[PDB]
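Q: Pasting a structure here, questions to come.
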Amino acid sequence: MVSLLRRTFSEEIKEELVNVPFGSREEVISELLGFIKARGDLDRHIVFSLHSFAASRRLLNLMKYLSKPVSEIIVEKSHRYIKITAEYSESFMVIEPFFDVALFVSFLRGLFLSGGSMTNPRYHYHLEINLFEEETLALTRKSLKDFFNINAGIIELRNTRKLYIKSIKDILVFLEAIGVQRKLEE
Ligand code: NA
């Protein structure tokens with residue numbers, strides 16, 4: 001049998017995010033684009049390959065709210081990730097959440113759930129988000145600096161790309177913006 005329980009710091013944070021209430025339709029669609037850009041694969045449908053059980057639960061709620069049929073939810077044994085396959089509508093692909101702080105925030109939330117991780121900050125200050133497309137990467141950094149004064153970097157390693165945050169004051173600002181409350185762990 002295959003376990004869905006990871007006890008990492010990253011999950012503890014992501015479990016707290018599963019519950020944040022949804023917002024406008026457009027805020028929901030921007031988060032979904034987060035998931036799509038961090039972990040989506042078009043070929044309908046979109047197939048989402050998630051490492052986070054919590055992100056995975058959030059995705060299914062995103063799809064419920066949007067009335068989007070989920071085709072399949074398979075857990076791949078280590079003996080992990082979770083493959084969710086989902087219908088979509090093309091208007092989802094083309095929302096631009098970079099110029100409205102609420103849509104951007106919603107979009108950061110999707111990036112981080114689906115492709116983000118963070119080291120336990122007692123040991124080391126490090127938050128990254130898997131995000132491959134350079135246009136999207138550059139727009140997100142601009143909007144982070146712009147709205148939040150957050151200096152985001154780029155990790156480039158072996159045909160992968162991560163958006164990167166080093167500063168704990170920055171990680172804090174970011175985690176508060178996407179909805180984390182129990183970061184009173186400070
Ligand atoms: Na590190």
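Naming works like this for the structure tokens: A, B, ... for the chains as they're shown, residue 1 at the start of each chain, ligands 1 onward in shown order.
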Return as a list in words the residues of protein, DNA or RNA that approach ligand 1 to within 8 Å, with only C-alpha atoms and all ligand atoms taken into account.

A: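 Listed by chain and ascending number, the contacts are residues 119, 124, 125, 126 and 127 of chain A.
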
Q: Keeping only C-alpha atoms, take the residues you just selected and write them out as a PDB file, in the first residue's frame.

A:
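To be explicit, this is the file written out as result.pdb:
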ATOM      1  CA  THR A 119      13.078  24.539   4.407  1.00  0.00           C
ATOM      2  CA  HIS A 124      17.892  27.562   6.976  1.00  0.00           C
ATOM      3  CA  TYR A 125      16.036  30.386   5.039  1.00  0.00           C
ATOM      4  CA  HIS A 126      14.948  29.000   1.659  1.00  0.00           C
ATOM      5  CA  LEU A 127      11.703  29.022  -0.325  1.00  0.00           C
TER       6      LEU A 127
END

Q: If you run DSSP on this backbone, which residues of region 86-130 of chain A come out as helix (DSSP H, G or I), and could you give them as a list in words?

A: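 These are the residues in question: residues 90, 91, 92, 93, 94, 101, 102, 103, 104, 105, 106, 107, 108, 109, 110, 111, 112, 113, 114 and 115 of chain A.
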
Q: CA of residue 180 (chain A) to CA of residue 138 (chain A): how many Å, to one decimal?

A: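 Taking CA of residue 180 (chain A) as the start and CA of residue 138 (chain A) as the end point, the length is 24.4 Å.
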
Q: If you take only C-alpha atoms and a cut-off of 8 Å, which residues of region 42-152 of chain A touch region 158-172 of chain A, and what are their nearest atom pairs and distances in Å to one decimal, in chain and number order, as a tab-separated table?

A:
residue	atom	partner	partner_atom	distance
A:121	CA	A:168	CA	7.8
A:125	CA	A:166	CA	5.7
A:126	CA	A:166	CA	5.1
A:127	CA	A:165	CA	5.1
A:128	CA	A:164	CA	4.5
A:129	CA	A:163	CA	5.1
A:130	CA	A:162	CA	4.5
A:131	CA	A:162	CA	5.4
A:132	CA	A:161	CA	5.2
A:137	CA	A:163	CA	6.9
A:141	CA	A:163	CA	8.0
A:150	CA	A:170	CA	5.7
A:151	CA	A:165	CA	7.0
A:152	CA	A:165	CA	5.2

Q: Can you write out the residues you just picked, keeping C-alpha atoms, as a short mmCIF file (atom, residue, chain, number, x, y, z; two decimals), in the first residue's frame?

A:
data_model
loop_
_atom_site.label_atom_id
_atom_site.label_comp_id
_atom_site.auth_asym_id
_atom_site.auth_seq_id
_atom_site.Cartn_x
_atom_site.Cartn_y
_atom_site.Cartn_z
CA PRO A 121 13.34 28.17 8.87
CA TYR A 125 16.04 30.39 5.04
CA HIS A 126 14.95 29.00 1.66
CA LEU A 127 11.70 29.02 -0.32
CA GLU A 128 11.50 27.94 -3.93
CA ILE A 129 8.84 27.33 -6.53
CA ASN A 130 9.22 25.12 -9.57
CA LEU A 131 8.22 27.36 -12.48
CA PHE A 132 9.60 26.66 -15.90
CA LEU A 137 8.88 33.65 -14.14
CA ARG A 141 9.31 38.47 -10.02
CA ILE A 150 10.05 41.07 -2.43
CA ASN A 151 13.36 40.27 -4.10
CA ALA A 152 12.88 36.95 -5.90
#

Q: Extract, using only C-alpha atoms, all DNA, RNA and protein residues at most 12 Å from region 62-76 of chain A, discarding same-chain residues fewer than 2 positions from it, and format them as a PyMOL selection string.

A: chain A and resi 1-4+18-36+44-53+55-60+78-89+92+106+110

Q: Interatomic distance between CA of residue 108 (chain A) and CA of residue 144 (chain A)?

A: 9.3 Å

Q: Quick one: of A:7, A:14, A:177, A:182, who's nearest to residue 117 (chain A), counting only C-alpha atoms?

A: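 Ranked by minimum distance to residue 117 (chain A), first place goes to A:14.
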
Q: Provide the CA of residue 122 (chain A) to CA of residue 184 (chain A) distance in Å, to one decimal place.

A: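 Value for the CA of residue 122 (chain A)-CA of residue 184 (chain A) distance: 13.2 Å.
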
Q: Which residues, written as a list in words, have at least one atom at most 10 Å from residue 101 (chain A), with only C-alpha atoms counted and residues fewer than 6 positions away on the same chain left out?

A: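 Within the cut-off, the hits are residues 107, 143, 144, 146, 147, 148 and 177 of chain A.
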